[PDB]
Amino acid sequence: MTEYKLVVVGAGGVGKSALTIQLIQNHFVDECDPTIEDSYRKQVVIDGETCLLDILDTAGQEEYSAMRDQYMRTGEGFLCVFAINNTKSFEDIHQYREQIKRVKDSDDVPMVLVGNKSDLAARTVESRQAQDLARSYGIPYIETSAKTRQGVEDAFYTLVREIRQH
Ligand SMILES: Nc1nc2c(ncn2[C@@H]2O[C@H](COP(=O)(O)OP(=O)(O)OP(=O)(O)O)[C@@H](O)[C@H]2O)c(=O)[nH]1
Ligand SMILES: *CC(=O)N(C)CCN(C)c1ccc([N+](=O)[O-])c2nonc12
Ligand SMILES: [Mg+2]
Ligand SMILES: [Mg+2]
C-alpha cells in the first residue's frame with residue numbers, strides 16, 4: 001500500500017502534537033506534555049488513493065542534535081508548523097527549512113508551512129507575511145487550528161500532494 005512518511009517540525013509549544021492527534025484521532029489535546037518523539041500510523045483516503053500515513057511528531061527543542069537528524073532523515077515530507085501568536089516560532093521556520101534541506105541532502109524537499117492556533121485572536125504574525133514566506137520558498141501555506149480542526153486535513157493532505165509531485 002502507498003505509504004507517505006511525514007514529519008511535523010517546529011518550535012516548542014506551537015501545536016505539532018495537537019495537529020497530529022486531531023488528524024489521527026479527531027479530538028483536541030490540551031495538556032502539558034514536552035514531547036520527545038512519537039509516531040502515528042493511520043490509513044486514510046486521499047483523492048481516491050487509499051494509502052497509509054506514517055507521521056513522526058517531533059520535539060520542539062532549542063538545540064540541534066544528531067539524534068534529531070536520526071529521527072528526521074526517514075521522513076519524506078515535512079509539516080513546518082509555527083503559531084500565529086508566537087513571533088519567535090515564525091522566525092524559526094527559516095532554521096527548520098535549512099535543517100530539513102541539510103538532513104535530506106536536497107534543495108527541493110516536500111514541505112508545507114502551517115500557521116496554527118487560528119482560533120486565537122490578536123495575532124502577532126499577519127497572514128500576508130506568512131503567505132509571502134511560503135511563496136519566496138516555493139511551497140504552499142495552510143492556516144489551521146488543532147482546536148476547531150479548521151484547515152487540519154488541508155495542511156496534511158496537502159503535504160501528501162507535495163510528496164506525490166516531487
Ligand atoms: N487555542 C489553541 N491552542 C493550541 C493549538 N494548538 C496547540 N495548542 C495548545 O498549545 C500548547 C502546545 O501544544 P503542543 O501540541 O503540546 O505543542 P508542541 O509543538 O507539540 O510542543 P513540543 O512538543 O514541546 O515541541 C498546548 O496547550 C495546546 O493545547 C491551537 O490550534 N489553538
Ligand atoms: C508543564 C511544563 O511545561 N512543566 C511542568 C515544566 C516546568 N514549567 C512549568 C515550565 C517550564 C519551561 C517554561 N518555559 O520557559 O517555557 C515554562 N513557562 O511556564 N512554565 C514553564
Ligand atoms: Mg508535542
Ligand atoms: Mg518543491
Side-chain angles (χ1 to χ4, degrees), residues 1-61 65-84 89 93 96-97 99-120 130-131 134 137-166:
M1 169 165 288
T2 314
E3 308 200 346
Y4 295 95
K5 302 180 207 321
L6 323 181
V7 180
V8 178
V9 313
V14 299
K16 298 179 294 300
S17 293
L19 283 170
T20 305
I21 288 172
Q22 188 62 264
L23 191 90
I24 298 293
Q25 292 172 12
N26 313 290
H27 75 251
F28 176 63
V29 309
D30 200 349
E31 63 165 336
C32 193
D33 49 288
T35 306
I36 309 90
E37 334 258 61
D38 339 348
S39 190
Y40 295 79
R41 272 166 80 79
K42 191 170 167 176
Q43 181 179 304
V44 300
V45 174
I46 307 171
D47 310 315
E49 180 173 57
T50 306
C51 63
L52 196 291
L53 303 186
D54 183 299
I55 309 178
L56 191 70
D57 162 34
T58 66
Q61 312 173 327
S65 82
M67 172 88 67
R68 163 55 37 93
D69 192 305
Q70 284 155 230
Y71 281 92
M72 272 161 98
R73 52 177 43 124
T74 66
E76 273 174 290
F78 293 71
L79 201 81
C80 300
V81 184
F82 66 98
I84 68 179
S89 71
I93 295 295
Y96 286 105
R97 179 169 183 263
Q99 159 178 302
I100 295 159
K101 289 168 59 157
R102 297 175 64 182
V103 165
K104 298 293 303 183
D105 203 1
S106 169
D107 41 68
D108 205 350
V109 176
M111 187 180 284
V112 170
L113 185 54
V114 175
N116 191 46
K117 318 204 187 173
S118 69
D119 55 293
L120 295 185
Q131 292 166 11
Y137 284 176
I139 75 176
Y141 178 60
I142 304 297
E143 286 186 337
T144 65
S145 170
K147 181 180 167 178
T148 69
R149 211 161 187 274
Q150 298 167 110
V152 177
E153 290 190 351
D154 290 346
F156 281 107
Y157 279 23
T158 294
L159 174 58
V160 177
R161 306 187 185 93
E162 295 294 307
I163 298 172
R164 300 170 171 155
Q165 290 172 105
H166 297 67

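One is the number of the first residue; the rest follow in order along the sequence. Side chains included, hydrogens not; waters and symmetry mates left out as well; all remaining heavy atoms used.
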Spatial distance of atom [atom1] ([X]) from atom [atom2] ([Y]) [nearest 0.5 Å]:
{"X": "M111", "Y": "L6", "atom1": "CE", "atom2": "CG", "answer": "12.5 Å"}
{"X": "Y71", "Y": "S65", "atom1": "OH", "atom2": "OG", "answer": "10.0 Å"}
{"X": "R149", "Y": "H27", "atom1": "CZ", "atom2": "NE2", "answer": "11.5 Å"}
{"X": "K117", "Y": "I84", "atom1": "NZ", "atom2": "CD1", "answer": "10.0 Å"}
{"X": "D154", "Y": "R161", "atom1": "CG", "atom2": "CZ", "answer": "7.5 Å"}
{"X": "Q61", "Y": "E37", "atom1": "CD", "atom2": "CD", "answer": "6.5 Å"}

Practice task
Check the pair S118, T144 against side chain to side chain contact (heavy atoms under 4.5 Å, CB included), reporting the backbone distance first and the verdict last.
Solution key: CA-CA 6 Å; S118 69; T144 65; 5.6 Å; no
Under a 3.5 Å distance rule, please check whether [X] uses its side chain to pair with a backbone N or O of [Y] as donor and acceptor.
{"X": "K101", "Y": "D108", "value": "no"}
{"X": "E76", "Y": "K5", "value": "yes"}
{"X": "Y141", "Y": "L113", "value": "no"}
{"X": "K104", "Y": "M72", "value": "no"}
{"X": "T58", "Y": "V8", "value": "yes"}
{"X": "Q25", "Y": "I21", "value": "no"}
{"X": "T2", "Y": "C51", "value": "no"}

Practice task
Return each pair, listed once, that meets salt bridge (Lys or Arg N to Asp or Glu O under 4.0 Å) where at least one residue sits in residues 11-31; pairs must be two or more places apart or across chains.
Solution key: none
Completion exercise
Residue pairs passing the salt bridge (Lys or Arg N to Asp or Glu O under 4.0 Å) test with at least one member in residues 49-59, sequence neighbours excluded, are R41-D54, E49-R164
Which heavy atom of [X] sits nearest a heavy atom of [Y], and at what distance?
{"X": "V112", "Y": "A155", "answer": "CG1-O, 4.4 Å"}
{"X": "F28", "Y": "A146", "answer": "CD1-O, 3.3 Å"}
{"X": "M1", "Y": "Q43", "answer": "SD-OE1, 3.9 Å"}
{"X": "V14", "Y": "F82", "answer": "CB-C, 3.8 Å"}
{"X": "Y4", "Y": "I163", "answer": "CD2-CG2, 3.6 Å"}
{"X": "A11", "Y": "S89", "answer": "CB-CB, 4.0 Å"}

Practice task
Evaluate side chain to side chain contact (heavy atoms under 4.5 Å, CB included) for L23 paired with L53, printing each intermediate quantity in order.
Solution key: CA-CA 10 Å; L23 191 90; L53 303 186; 3.7 Å; yes
Exercise for the section: For a side-chain contact (heavy atoms from CB on, under 4.5 Å) with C80, tell me which candidate from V114, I100, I139, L159 qualifies. Expected result: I100
Practice task
Please say which of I55, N116, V29 ends up in a side-chain contact (heavy atoms from CB on, under 4.5 Å) with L19.
Solution key: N116
Exercise for the section: Might you work through the side chain to side chain contact (heavy atoms under 4.5 Å, CB included) test for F156 and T20, ending with a clear yes or no? Expected result: CA-CA 9 Å; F156 281 107; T20 305; 3.9 Å; yes
Exercise for the section: Answer yes or no: are there more than 12 heavy-atom neighbours, outside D105 itself, under 6.0 Å from its atom CG? Expected result: no
